[PDB]
Amino acid sequence: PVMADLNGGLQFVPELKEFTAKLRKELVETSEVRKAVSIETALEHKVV
Amino acid sequence: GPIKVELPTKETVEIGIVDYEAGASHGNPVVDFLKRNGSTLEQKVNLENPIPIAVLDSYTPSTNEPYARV
């Protein structure tokens, strides 16, 4: 019986779950910060 | 104006300023932003129901010279 590993080297990163969580958190926070800042800049411009 | 932070002792201490300056504009964006995001602190607090004290009758004087001269 054979064990093919097609994992792409994913096993070698340490703490893959926490790393993936931090990647998603970073991308999510960047998206929300940019969205909120854009909306508030738009509202300030419209008010002015 | 001054921006202050609330301390653990419920004491507001200045940690920054609001300093907005603009020429021709249709409004103040600072107040709009603060209304939309924050909450207004009203110093006056209404009771659950008003408490009537009394209905009183006063009279305007026949002449206004006594008040005018004083």
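So the sequences go chain by chain: F and E.
So the first sequence is numbered by the deposited numbering: it starts at 921 and just counts up by one.
So the second sequence is numbered by the deposited numbering: it starts at 1487 and just counts up by one.
All C-beta atoms in this analysis are idealised placements derived from N, C-alpha and C, irrespective of residue type, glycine included.
Mind pulling the chain F residues with CB within less than 9 Å of E:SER1511? By 1-based counting over the second sequence, the position of residue 1511 of chain E is 25. Simply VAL967 and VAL968.
Taking only beta carbons into account, state which residues of the segment 943-966 of chain F come closer than 9 Å to chain E, listed in chain order. So the close ones are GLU960, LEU963, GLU964, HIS965 and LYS966.
DSSP has E:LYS1490 in a bridge; who is on the other side? One-based indexing of the second sequence puts residue 1490 of chain E at position 4. Its beta-bridge partners are E:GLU1500.
Identify each residue in the segment 1502-1534 of chain E for which the Cβ-Cβ distance to at least one residue of chain F is less than 8 Å, and report them in chain order. Listed by position along the chain: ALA1508, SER1511, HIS1512, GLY1513, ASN1514, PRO1515, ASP1518, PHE1519 and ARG1522.
Tell me the DSSP secondary structure of E:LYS1530 in three-state form. On the second sequence, residue 1530 of chain E is found 44 positions in, with the first residue counted as 1. E:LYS1530: coil per DSSP, three-state reduction.
Which term fits E:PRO1515, buried or exposed, when burial requires 16 or more other beta carbons within 10 angstroms of its beta carbon? What you label residue 1515 of chain E is simply residue 29 of the second sequence in a count that begins at 1. With 16 or more other Cβ atoms inside 10 Å of its own Cβ, E:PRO1515 counts as buried.
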